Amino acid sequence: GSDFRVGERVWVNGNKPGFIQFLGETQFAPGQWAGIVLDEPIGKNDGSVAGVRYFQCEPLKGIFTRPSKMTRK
């Protein structure tokens, strides 16, 4: 009903909660991406990929996902 916004609480596939820290295109892949800081350290990065920073968080709490792979509740 409404587009995602920075700061929104989201649930990534598998029902992993996090907050949106980045939205848009990135250098590592085409299309739209969502940079999320997860509640749990089950992520893959600190908000950067290949030395390029999109956002910042603990090294194991950041992940980038397609907006289609996350939902609100």
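The numbering used is simple: start at 1 and walk along the sequence shown.
**Student:** Per the PDB record, is the mean Cα temperature factor higher over 64-72 or over 4-12?
**Tutor:** Between 4-12 and 64-72, it is 64-72.
**Student:** Taking the chain's C-alpha temperature factors as the reference, tell me which third residue 18 falls into: lowest, middle or highest.
**Tutor:** Answer is lowest: the recorded C-alpha B-factor places it there.
**Student:** Give the position of residue 48 by CA B-factor within its chain, expressed as the lowest, middle or highest third.
**Tutor:** As the PDB entry reports it, the C-alpha B-factor of residue 48 lands in the lowest third of its chain.
**Student:** So where's residue 36 on the chain's Cα temperature factor ranking, which third?
**Tutor:** Answer is lowest: the recorded C-alpha B-factor places it there.
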